[PDB]
Amino acid sequence: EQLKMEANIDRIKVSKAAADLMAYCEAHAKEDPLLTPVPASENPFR
Amino acid sequence: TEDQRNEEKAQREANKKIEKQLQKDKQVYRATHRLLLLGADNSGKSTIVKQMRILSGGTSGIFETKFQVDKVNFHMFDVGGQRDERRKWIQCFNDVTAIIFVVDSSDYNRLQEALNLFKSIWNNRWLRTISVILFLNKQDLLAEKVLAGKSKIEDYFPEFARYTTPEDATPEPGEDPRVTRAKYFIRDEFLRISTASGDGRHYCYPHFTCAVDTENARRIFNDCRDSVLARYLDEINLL
Amino acid sequence: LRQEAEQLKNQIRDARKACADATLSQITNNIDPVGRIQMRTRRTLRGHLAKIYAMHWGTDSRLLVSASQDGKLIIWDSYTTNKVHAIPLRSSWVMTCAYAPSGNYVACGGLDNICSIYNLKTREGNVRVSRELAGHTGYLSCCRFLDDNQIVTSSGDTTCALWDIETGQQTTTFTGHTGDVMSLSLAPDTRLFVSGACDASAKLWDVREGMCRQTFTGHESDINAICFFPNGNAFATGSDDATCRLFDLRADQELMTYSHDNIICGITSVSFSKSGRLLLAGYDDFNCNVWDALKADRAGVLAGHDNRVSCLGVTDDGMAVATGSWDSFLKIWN
Amino acid sequence: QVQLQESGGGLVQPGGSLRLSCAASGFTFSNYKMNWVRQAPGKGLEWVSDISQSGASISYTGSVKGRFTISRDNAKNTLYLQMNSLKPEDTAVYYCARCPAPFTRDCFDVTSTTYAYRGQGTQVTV
Amino acid sequence: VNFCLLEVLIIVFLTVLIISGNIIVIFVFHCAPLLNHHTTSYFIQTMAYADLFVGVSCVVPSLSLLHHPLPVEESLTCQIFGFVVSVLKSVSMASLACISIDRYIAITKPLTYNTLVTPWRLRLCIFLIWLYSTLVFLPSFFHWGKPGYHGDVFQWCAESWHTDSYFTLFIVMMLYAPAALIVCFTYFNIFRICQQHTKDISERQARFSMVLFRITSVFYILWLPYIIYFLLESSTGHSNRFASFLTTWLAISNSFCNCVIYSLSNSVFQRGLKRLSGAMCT
């Protein structure tokens, strides 16, 4: 049951996963509002 | 534009009407006292529900009971339909006025489970504030089941033999001393858990409750008085 | 047997461990720090009677819903600080709320074990309940909208369920868990979702088949909140063991822990930023903390509450971060 | 991954003294508080023994209070329940129950049938 | 004013610190959200408004001491100044009274508290405080004596004006002595209840083997020699000059003292002060 349920799925490389996570953080970093703070009128809470 | 001004005026009217409705419900929520009922099943939750129904509502899952005494209304929540584990939905009962706790007096084997339940209530991080009313239910059947004999408390609780009666209110148990030593041991055994730790911010209010005890809603009333009054006496020094 | 299969799974996990040479912060040590991230209460939506226990944002990232155990369901406006509606509720005990991407409907998961679904934009303009989804026996911990019509609902009867509203029956049942399933987050691609339970484990389910695709058991206690990584290959878990952890699907192995010895209270809520550098964790020691996701360092504190932080929600665009607590006060943060 | 296996137990002579162990892995053993819970046939679950995170404070159920003993070895990461002067009704399945939270005096371990942090259990016989 | 400082320095040092404490307590009450959850902290906000206004009034005679820039006849101009303080300090006085009644309600019928102290009756209490504090001392406008010895450096009241003792007796039997009676009655019953409760709870615990009063006591000991010496100099018509001026300034000092004492008294106010200081330092 659990053996056939978990057995089939592949285990990809952790270094590849860390590189992918780093790329996913870096690519959308320019439009990141809290990571890169906004202009005071552009920040709609202001 | 003028339409933006109209939208802002509409939002102002809506927030004013909603704040008016919430301000009207604030007083009725603050006035009414909420009461968690907890306990085992053989401990007569249902019979004391029937006594407050001596004194529609959603019976799906939780049961509700309304009763008012002396122009103060208590609304009292029985957690019926919920599953047995209680580590998480007992966090939801934080701001309640008092945790009523009901114990079957007669059968000594589940008393240890009730004691562990009380200890779990007392030391919980979110339940440390709340005063715990204590009820010891079916008090007559305890007396019959000890006076019939052949059922040793001593086997379950060995510290009963090295125990004596400290004090009592005598005429009600005036037929017998050994039932007095029994029931007052049960009180003392809960109160060892109660006075175990803390800073005196929540208190245990035990009552020896029979099946036929009519006015015991008023005992709930007066010890809600004691809990709220002690809360206010701490509130003087707190602010 | 089953124990030999568990040893085989430990062998495959050790193979993934051999694939895992160094830590992610060890890998991204060439990338420099995020830096300090201060924040301030840009607005303070006050107006609840009792403890705010869960909130949800809108997909406009402008309107939001909060729910408290007084029996009020309040739609706040973040920009004007005005409450659009305040639905009075039949039962007071409410453990979650959810807000449709279409914006028409609001869900109210309660401890009465009935989910309620409300329509906001009604023809008459007076707000009533549309339907009452009733198939659960335990309390309802979390619920989220799959679409406008499909809704996923976790509960304390250890089973999730996927529902359609006008039909009124459980389309799919999700029964793998042993502990009470208490958090869930759903992916942006929406065909797969995740759920953590009180048994220190997260299952990820395909929403069509309704079966546990993957199981992760890194944690040590109850798991209070879970959240997908934005680009969809990972998720973070906030759990009562006072540790937070980042888990991956493709590697099928946990990557990152988020722990400091001085803080001891359990994580209550968790959320991500849009970019995913910036992880946000509510807490019982009264202050939200905010972590660099890829260095596991405490970037900052967002402390403005007097009681435990129940709920924590980031906007879609990623500017504002709403937070509620048991002090009945909801606050919008940067 | 959390891990609990019991060891020891089975049949012994009725007056005998029987030693049991519980191994715990996947967490810091130090901060949690341990319980033993026994299941007699045709019964519900019952809490039997309690010991804190420190091991300085300790508590016993009333029946086997003067009779049995419980010990923790946090550095060795093991739990032990020794039975002394056994009595024939005490035969049961002896689960090792881990408390849910750390740094926490209260627990809600003894439940209906299901619980995350119980061990699988071993059965002792008089 | 070549050597005016040897008497004016007390007034300057009092007034600056009084306004500073008022502003600090005002901001501390405003920033903390759950401070307003209690009913009493509304009255501390009332004291804070009275404290800021009393500090502004103190700043007025300070500017009179050297500059005299405004219309400086002071036959009425300084005179009505005394009216202000005779209202405003007494406003703070009546604040204590209604607070005591508040806590007395919370001791007497403690469940029905929230039905008898509605906030509408709370705004009615605050409006009757300001109205009555105006209304008692108003006939100082009507040429029948002034109730204050504040700002006695004003030489016009030092020479022309004399106390009418019937006016003095009417105002002390009208406003001062009801405040004293109400406060003593409330704290008599409150410490009765509190000590009775304390011994019972400790006896139950051993059987299984008042910052509002501090604020009140500070205010009453600080205002006590002013009323006593006020009655004396009303009674005989004999002045002790430096004693009268020091007594009046010390009576003024209570509004300065209350904010700092409440700062030390509540650690929740200390936490609000810590959060506000971390914000204002940033």
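First chain written, first letter: the chains are A, B, C, D and E, and each begins at residue 1.
In this text, a residue touches a chain if its C-beta (ideal position, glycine included) is under 8 Å from a C-beta of that chain, and two chains touch if they have at least 3 such contacts.
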Along touching chains only, what is the step distance from chain D to chain E? 2
Distance between the CA centroids of chain A and chain D (whole Å) is 43
Could you tell me the distance, in whole angstrom, between the mean C-alpha positions of chain C and chain D? 35
Distance-wise, how many Å sit between the C-alpha centres of chain C and chain E, to the nearest whole number? 51
When you check chain D against every other chain, which residues touch at least two of them? 100, 114
Touching pairs of chains, all of them, please. A-C, B-C, B-D, B-E, C-D, C-E
In the complex with chain C, residue positions of chain A that touch it: 2-3, 5-7, 9, 11-22, 24-26, 28-29, 31-35, 37-38, 43-46
Flag every residue of chain C that touches chain D in the complex, lowest number first. 178-179, 198-200, 217-218, 220-222, 240-242, 264, 266
Which part of chain E faces chain B closely enough to touch in the complex? 38, 40-41, 103, 106-107, 110-115, 118, 193-194, 197, 201, 204-205, 207-208, 210-212, 266, 268
Report the residues of chain D in contact with chain C in the complex, numbered from low to high. 1-2, 26-28, 100-103, 114, 116
Chain D partner contacts - residues on chain B that touch it in the complex: 84-87, 112-113, 116, 119-125, 155-159, 197
